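Trainee: Curious how this folds, go ahead:
(chains A and B, ligands or ions: 9)
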Amino acid sequence: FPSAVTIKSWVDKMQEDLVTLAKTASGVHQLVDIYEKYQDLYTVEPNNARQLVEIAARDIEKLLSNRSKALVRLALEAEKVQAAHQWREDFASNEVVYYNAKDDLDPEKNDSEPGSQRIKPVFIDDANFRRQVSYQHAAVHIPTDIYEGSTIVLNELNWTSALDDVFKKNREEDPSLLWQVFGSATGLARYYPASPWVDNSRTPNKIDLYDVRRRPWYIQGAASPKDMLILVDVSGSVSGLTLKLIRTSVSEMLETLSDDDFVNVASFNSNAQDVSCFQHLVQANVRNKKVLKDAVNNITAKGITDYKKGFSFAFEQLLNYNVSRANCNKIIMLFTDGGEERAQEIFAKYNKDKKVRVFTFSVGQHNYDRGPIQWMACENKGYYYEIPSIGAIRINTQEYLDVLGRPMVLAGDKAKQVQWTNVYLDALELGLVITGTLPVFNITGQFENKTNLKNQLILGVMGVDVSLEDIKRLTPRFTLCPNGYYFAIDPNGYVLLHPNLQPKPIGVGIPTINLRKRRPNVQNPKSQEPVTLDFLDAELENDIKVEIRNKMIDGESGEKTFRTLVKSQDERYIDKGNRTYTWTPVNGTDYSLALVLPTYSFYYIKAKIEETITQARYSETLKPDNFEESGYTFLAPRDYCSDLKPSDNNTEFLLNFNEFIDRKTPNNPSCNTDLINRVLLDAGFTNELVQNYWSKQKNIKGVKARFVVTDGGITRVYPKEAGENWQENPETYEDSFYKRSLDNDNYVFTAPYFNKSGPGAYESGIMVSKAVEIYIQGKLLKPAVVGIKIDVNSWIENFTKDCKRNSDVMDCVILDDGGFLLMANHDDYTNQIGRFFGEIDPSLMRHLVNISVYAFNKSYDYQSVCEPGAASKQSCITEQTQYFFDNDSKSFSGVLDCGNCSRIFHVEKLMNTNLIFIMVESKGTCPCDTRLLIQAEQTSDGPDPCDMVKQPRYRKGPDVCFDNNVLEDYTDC
Amino acid sequence: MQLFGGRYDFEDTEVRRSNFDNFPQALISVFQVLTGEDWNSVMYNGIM
Ligand SMILES: *[C@@H]1O[C@H](CO)[C@@H](O[C@@H]2O[C@H](CO)[C@@H](O)[C@H](O[C@@H]3O[C@H](CO)[C@@H](O)[C@H](O)[C@H]3NC(C)=O)[C@H]2NC(C)=O)[C@H](O)[C@H]1NC(C)=O
Ligand SMILES: *[C@@H]1O[C@H](CO)[C@@H](O[C@@H]2O[C@H](CO)[C@@H](O[C@@H]3O[C@H](CO)[C@@H](O)[C@H](O)[C@@H]3O)[C@H](O)[C@H]2NC(C)=O)[C@H](O)[C@H]1NC(C)=O
Ligand SMILES: *[C@@H]1O[C@H](CO)[C@@H](O[C@@H]2O[C@H](CO)[C@@H](O[C@@H]3O[C@H](CO)[C@@H](O)[C@H](O)[C@@H]3O)[C@H](O)[C@H]2NC(C)=O)[C@H](O)[C@H]1NC(C)=O
Ligand SMILES: *[C@@H]1O[C@H](CO)[C@@H](O[C@@H]2O[C@H](CO)[C@@H](O)[C@H](O)[C@H]2NC(C)=O)[C@H](O)[C@H]1NC(C)=O
Ligand SMILES: *[C@@H]1O[C@H](CO)[C@@H](O[C@@H]2O[C@H](CO)[C@@H](O)[C@H](O)[C@H]2NC(C)=O)[C@H](O)[C@H]1NC(C)=O
Ligand SMILES: *[C@@H]1O[C@H](CO)[C@@H](O)[C@H](O)[C@H]1NC(C)=O
Ligand SMILES: *[C@@H]1O[C@H](CO)[C@@H](O)[C@H](O)[C@H]1NC(C)=O
Ligand SMILES: *[C@@H]1O[C@H](CO)[C@@H](O)[C@H](O)[C@H]1NC(C)=O
Ligand SMILES: [Ca+2]
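Mentor: Numbers count the residues shown, from 1 in each chain, chains lettered A, B, ... in the order given. Ligands and ions are numbered 1, 2, ... in the order given. Next up is the structure itself:
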């Protein structure tokens, strides 16, 4: 085994060889030279990240105040309009004309139900809606089990028809506005503009079971947040059909709950235990509810019924005050069949003043006495609900919000506050969106205070979407580098706006569906959960980020600079990036907005080119017939002008881009000058490289392909044969290697993938990249990232000439940080190239981490898909490992032993690059396995919830809670 | 009533109306078996 100085001297002649090959062939110092040679085609402006945040915080203020004004007027009209409605019952005499969504639009149908008359609308196709729509009226959604033509429903479509004039007045004023909808108390919803619903009832074989009342946006503006507590009666009498019904009501009751709502679930049979692991009221987020809905299911009925120990346990649960709580409506609901005891004594003290509200549910078909339960409900200002059937569950476990809304409708105007929802997928397929809601109240005869019998309910709730693609147009990231971004946050820790946030729903648990019990044609529910990713789950968690995260939940302003490690774009690397954060509150709302920058991004380039010939000359550089002397040029699909659209077929896009500058001068009076201009300047900078430097050295021996991925989207792979293999995203702010090249001050090597499809190994090769780094007036800039795809065959020859091909004495390999295998001596390893090195000899890799040579961090990706397990895709959690050098020390000697053998490995790290060289004795001499240490998205179901909630994350609830008005009717059950 | 009352607690959704839960109903069930009418369906419920 060679000495430590021989490995030292032999690494230094093959890290000097790779870097000279990459410093020379790519042209780092040449592209630095021509950014500095000009100085005057551009100027260098600063990103004032105090100022940028303040500017952004105000476009989201004004956007969400403009939405709010529209909401207020609609509400006023609805209140005024229905106070002048006459309650007619002759509807076959005077037809109600409306367009009904989810109905066949074929003219020849002509069903013509009594009372109603439909509309055939004309349906232009649209952008900002990715569906055909009509701007002349509002559609109407009736849920499926609700009959339309009922006097109760027919009378909504009469009075609600005056909203189409106010609907129209909102979009005339603001073209950008998205869905406008009124969700009725009656269960009928009207939205503008009209479009056909996505599931028709019976024209396909999937049938929608969508109810407006059920909806989260409808619920948050229906009522105030609430600490509920479900009691379940588990006595012996319940076992049977009735027990079956209860498990489906509680799961149903929960659907109703929200993050702001706290909830626990207890159960009694002569003792009250608590159904799961929790013991206090927990946040009823997606996870906690998933635990409770998984413990409600396993319940077995046995034993004597005791309503006294069931309501003692409930009240005690209600009084914890140590835990984090909603502290608003306090209510307890019991599911039971029949009661012989009213438990008068427990209610006298625990709730002598009736602070708590009791709702009693009688379920199943049975003969047990319901008088005592009704009495309990009446005594406590709750309500009573029967459920005999499965189809009766859905409208009675949502109906309690008519009771809880009462002291809000007695609060008057004070209760008309806009609230904005958690991001969620739109019913109509719009994408991620948030809705601002306002409740409409039933005011009839207010002038004189004549009735009030049913004047304590809301007419319904009114909402208006903001799409998250509308907010991302108020937070522009182009001046800032790929590293910089804006993050938005609730007072709940959830992230409103984040690079990491994705359309797929956030998943819980490992998905298990039973194929042996799913019928071939019945169509179960798909999903309704909100997409609540948290800030400490969108990014790698620190302790110096939980400080930042708490500090901008409680509405403060500030900046912070620290060293933290960024997870890479692809999930394979972790790079220590020195960042600065800066946050401020959006003053109209409860959102607070932040901005990450990396020091060195504090300055950007603005293009200062305006000459006729110079913008002209740089623009034919990106012509696809002129790639024989330029290099297969790419271009990023920014929204350059409003007219040319991002196309995802890039040769399509670059023609429509470059047609646009010929057919019209780049002045373009409805199109931003700087973004297009910077691109033009850039293409004259990645031209002078490809003309005056790369086309001189037309073939370097080991060099396969040469790229300049730059800022302005223009990536230039140098031979067109090589550009067929360029499998990157052509958007330069989505490339992984672009972003890892900017963090590092040394050449970076990217490992090719293992297996997969497409040619990514011998054909393209392993790639090196390096950020260009210029200084203008003593101000650091990193404009571009040069690079090289390496030839893996040639590199091997230099490497071979104490390691020989087909060696049995000892094997040596080169590994980039992250532990991936790039170059291998054996030839059974270099076939499996770009593979995680702990999968080809897991014994050595395990030891290396122990020596402190390597470090890692497992994280959770709450938005990913996986195949089900037997117990096409669902959402699930994956755990993800990344590996990264944590020790700066250059060399590491030692020996590892498996038991009865030693192997002496020597590790040396090449200077000036992330690569590491290790020499070790052949694996075959000691037959050892430990277990195969693998690095992949690995399906898992963590972290366990029962341990998170003992020390929950900081949170801030709603300031205004409406409950317990003294003059509430409290007489109807 | 001693053999079959309280024992027809099936987690189906079908109705088994000739059962032994009350004394009036139990009484109704015995007279049904004495006519012979659908007496095997009553016996199938008691075996399950
Ligand atoms: C493997 O090792 C070889 C030899 O060191 C290395 O070589 C290429 O080697 C030749 C041998 O002299 C170099 O001349 C050649 O470099 C160029 O010519 C002169 C030499 O001083 C200088 O201008 C630069 O070194 C460089 N510039 C040129 C010619 O444009 C050198 N480079 C190539 C690729 O031909 C291989 O690169 C090593 N294997 C790799 C690529 O890792
Ligand atoms: C709910 O539906 C009823 C029935 O369609 C609507 O009442 C109708 O309202 C219109 C305009 O308010 C009435 O038109 C007026 O008719 C009189 C003659 O009757 C004429 O002198 C006026 O110049 C005008 O043309 C219509 O007659 C009336 N129908 C009845 C039976 O009274 C009502 O408008 C709908 N509510 C909403 C909010 O849309
Ligand atoms: C808003 O509140 C008002 C009352 O404050 C509600 O109006 C009431 O609606 C009921 C519906 O059951 C009407 O009662 C019906 O009367 C007819 C006679 O026309 C009778 O045939 C029915 O059997 C039933 O008793 C009642 O007339 C009406 N009250 C008033 C004062 O107009 C209204 O329904 C609420 N708004 C919404 C959208 O529900
Ligand atoms: C958000 O609103 C606050 C006030 O509630 C603004 O703070 C003010 O800032 C101005 C100068 O910008 C000072 O003159 C005032 O004294 C500040 N307010 C108070 C009460 O001291 C803040 O600038 C606003 N920020 C944004 C982004 O809109
Ligand atoms: C992420 O990895 C880093 C390794 O660099 C961890 O940081 C070290 O954590 C240990 C305890 O696990 C401390 O003793 C060291 O002082 C830390 N070193 C540095 C440089 O921070 C970090 O804990 C990991 N994060 C997680 C969540 O495991
Ligand atoms: C807000 O409304 C005003 C007035 O219609 C308009 O000028 C402005 O552009 C709107 N802002 C946003 C972000 O929609
Ligand atoms: C982080 O900050 C220190 C001190 O300002 C600086 O020396 C270092 O270069 C920064 N980190 C990186 C990766 O540049
Ligand atoms: C290093 O390995 C030793 C022996 O296997 C072990 O006791 C120790 O915990 C390891 N160090 C770390 C950091 O895990
Ligand atoms: Ca008979």
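Trainee: which helix in chain B runs the most residues?
Mentor: Longest helix of chain B, by residue count under DSSP state H: helix B:23-35.
Trainee: Tell me which other helices or strands the helix or strand that it is followed by touches.
Mentor: Going down the chain from helix B:23-35, the next helix or strand is helix B:39-47, by DSSP states H and E. On a contact count with 3 or more Cβ pairs under 8 Å, 6 or more residues apart in numbering or on different chains; DSSP states H and E, helix B:39-47 meets helix B:23-35. Just so you know, the C-beta spots here come from the backbone N, C-alpha and C atoms, and that holds for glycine as well.
Trainee: Give the buried residues for the helix it packs on.
Mentor: Under the neighbour-count criterion of 16 or more other Cβ atoms under 10 Å in any protein chain shown, helix B:23-35 has B:26, B:29 buried.
Trainee: Run through who's touching that helix.
Mentor: B:1, B:5, B:18-20, B:38-39, B:42 (Cβ atoms under 8 Å, 6 or more residues apart in numbering or on different chains).
Trainee: Which among those residues count as buried?
Mentor: Applying 16+ other Cβ under 10 Å to the contacts of helix B:23-35, the neighbour count classes B:18-20, B:42 as buried.
Trainee: Is it possible to get a markdown table of those residues that adds secondary structure and distance to residue A:682?
Mentor: Output for the buried ones among the contacts of helix B:23-35, formatted as a markdown table (DSSP: H, G, I helix; E, B strand; the rest coil; distance: Cβ to Cβ, whole Å):
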| residue | secondary structure | distance to residue A:682 |
| --- | --- | --- |
| B:18 | coil | 86 |
| B:19 | coil | 84 |
| B:20 | coil | 88 |
| B:42 | helix | 88 |
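Trainee: Mind putting those residues into TSV with distance to ligand 3?
Mentor: Compiled in TSV, the buried ones among the contacts of helix B:23-35 are given as follows (distance: Cβ to the nearest ligand atom, whole Å):
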residue	distance to ligand 3
B:18	40
B:19	39
B:20	44
B:42	45
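Trainee: Which one of those residues is nearest to residue A:956?
Mentor: residue B:19 (56.1 Å; Cβ to Cβ).
Trainee: I'd like to know which elements the lengthiest helix in chain A is packed against.
Mentor: Longest helix in chain A by number of residues (criterion: DSSP H): helix A:51-82. Counting contacts by 3+ Cβ pairs under 8 Å, 6+ apart, helix A:51-82 is packed against helix A:164-173, strand A:180-184, strand A:432-441, strand A:458-467, helix A:468-471, strand A:485-489, strand A:574-585, strand A:592-598.
Trainee: middle-most residue in chain B, spatially?
Mentor: Centroid-nearest residue in chain B, with Cα atoms, centre = their mean: residue B:19, separated by 2.7 Å.
Trainee: residue contacts, it?
Mentor: Contact analysis of residue B:19 by Cβ under 8 Å, 6+ apart lists B:4-5, B:8, B:25-26, B:29, B:45.
Trainee: Near residue A:895, how many other residues are there?
Mentor: Counted by other Cβ atoms under 10 Å in any protein chain shown, the residues lying close to residue A:895 total 12.
Trainee: Nearest to ligand 5: which residue in the stretch 201-350 of chain A?
Mentor: Nearest residue of the stretch 201-350 of chain A to ligand 5 (Cβ to the nearest ligand atom) works out as residue A:287 at 19.1 Å.
Trainee: so who does that residue touch?
Mentor: A:508, A:945, A:948.
Trainee: Just to check, the first one is in contact with residue A:291?
Mentor: No: assessed by Cβ atoms under 8 Å, residue A:508 is found out of contact with residue A:291, at 9.1 Å.
Trainee: Could you check how far the residue of the stretch 401-550 of chain A found nearest ligand 5 is from ligand 3?
Mentor: Nearest residue of the stretch 401-550 of chain A to ligand 5, counting by Cβ to the nearest ligand atom: residue A:541, 5.9 Å away. Remark: distance between residue A:541 and ligand 3 (Cβ to the nearest ligand atom, to the nearest Å) = 49 Å.
Trainee: Would you double-check that that residue falls in a strand?
Mentor: No: counting by DSSP: H, G, I helix; E, B strand; the rest coil, one finds residue A:541 to be coil, located in no strand.
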